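Below is one structure, written out as structure tokens; comments come after it.
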Amino acid sequence: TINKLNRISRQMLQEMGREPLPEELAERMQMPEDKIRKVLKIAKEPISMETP
DNA sequence: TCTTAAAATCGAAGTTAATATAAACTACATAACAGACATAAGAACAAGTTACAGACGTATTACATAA
């Protein structure tokens with residue numbers, strides 16, 4: 001789901017020229033916008049406790 | 001006995017607050033969420049059981065009155 005969201009947001013960005021808003025991404029995925037926001041916020045890799 | 005690569009060290013506070021690249025379909029089992037029922041726990045009312053209080057009634061004594 002994350003990978004194919006990345007690819008669809010890829011294609012939309014390259015076709016319109018700007019970062020696609022979650023509403024248009026949900027429209028292209030045929031999935032609810034709440035699910036799109038859940039996927040987008042799911043888990044970015046934890047930052048290290050030694051970052052200067 | 002003489003090179004030569006490694007190994008280790010190099011002042012205190014003070015402040016400081018992060019990022020950002022890069023398969024799909026299908027089949028099955030399991031966990032989670034919601035609803036309904038039964039059960040245990042508490043709230044409410046009413047009754048009964050019991051002794052004590054509060055003022056009354058009684059009993060006793062002393063003063064007054066009558067013979």
Side-chain angles (χ1 to χ4, degrees):
Chain A
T1 309
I2 294 166
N3 297 6
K4 103 165 290 313
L5 196 51
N6 279 196
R7 186 184 28 101
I8 270 61
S9 56
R10 185 65 155 120
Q11 274 179 176
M12 272 191 80
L13 155 55
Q14 201 99 252
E15 165 258 333
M16 330 156 302
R18 95 289 209 261
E19 265 321 330
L21 265 306
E23 198 289 351
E24 277 140 302
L25 281 165
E27 224 195 16
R28 200 73 101 62
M29 302 234 69
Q30 329 297 321
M31 313 187 10
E33 158 194 8
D34 297 352
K35 285 193 184 179
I36 277 46
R37 291 153 172 310
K38 267 174 56 24
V39 173
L40 278 170
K41 78 151 38 63
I42 213 55
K44 316 279 289 333
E45 148 95 10
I47 193 179
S48 178
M49 289 209 298
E50 226 79 10
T51 310

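Every chain is numbered from 1 and lettered A, B, ... according to where its sequence line falls, protein lines coming before strand lines.
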**Message:** As a test of your reading of the structure, name each stem of DNA chain B as range with range, where a stem is three or more consecutive Watson-Crick or G-U pairs at under 3.5 Å.
**Reply:**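 Looking at DNA chain B, no stem of three or more consecutive pairs is formed.
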**Pair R18(A) + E24(A), salt bridge at N-O below 4.0 Å** = yes
**Message:** If you count every heavy atom of other residues, nucleotides or ligands that lies below 6.0 Å from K38(A) atom NZ, does the total exceed 12?
**Reply:** no
All N/O contacts under 3.5 Å from nucleotides 21-31 of chain B to the protein, with atom names and distances to one decimal?
{"from": "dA24(B)", "atom 1": "OP1", "to": "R7(A)", "atom 2": "NH2", "distance (Å)": "3.3"}

How far apart are the closest heavy atoms of [X] and [Y], and which atoms are they?
X	Y	value
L40(A)	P22(A)	CD1-CG, 4.4 Å
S9(A)	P20(A)	O-CG, 3.6 Å
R7(A)	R10(A)	O-CB, 3.0 Å

How is the sugar of [N] puckered by the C1'-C2'-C3'-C4' sign, north or south?
N	value
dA13(B)	north
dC37(B)	south
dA20(B)	north
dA34(B)	south
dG11(B)	north

**Message:** Let me confirm one number: the NZ-CZ distance from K41(A) to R37(A), rounded to the nearest 0.5 Å.
**Reply:**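 Atom-to-atom, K41(A):NZ and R37(A):CZ are 7.5 Å apart.
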**Asked** Going from CD1 on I42(A) to CG on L5(A), what distance comes out if it is rounded to the nearest 0.5 angstrom?
**Response** 11.5 Å
**Prompt:** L25(A) and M31(A): same hydrophobic cluster, using ILVMFWY side-chain contacts below 4.5 Å?
**Reply:** yes
**Prompt:** Here, do the bases of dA17(B) and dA18(B) lie with ring centres under 5.5 Å and ring planes under 30 degrees of each other?
**Reply:**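 Not both cut-offs are satisfied, so the bases of these neighbours are not stacked.
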**Prompt:** Does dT16(B) adopt a syn or an anti glycosidic conformation, taking syn as a chi angle within 90° of 0?
**Reply:**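 In terms of base orientation relative to the sugar, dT16(B) is syn.
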**Prompt:** Where does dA31(B) land, syn or anti, once you apply the within-90°-of-0 test for syn?
**Reply:**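 Judged by the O4'-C1' to base torsion, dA31(B) sits in anti, the angle falling more than 90° away from 0.
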**Expected output: side-chain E45(A) to main-chain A43(A) donor-acceptor under 3.5 Å** = no
**Message:** Do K4(A) and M29(A) make a side-chain contact, defined as non-hydrogen atoms from C-beta onward lying under 4.5 Å apart?
**Reply:** yes
**Message:** For a 4.5 angstrom cut-off between non-hydrogen side-chain atoms, does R28(A) reach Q11(A)?
**Reply:**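 Yes, at least one pair of side-chain atoms sits under 4.5 Å.
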**Request:** Identify, residue by residue, the members of residues 28-52 of chain A with a heavy atom below 4.0 Å from DNA chain B, and return them in order of residue number, or none.
**Result:** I47(A), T51(A)
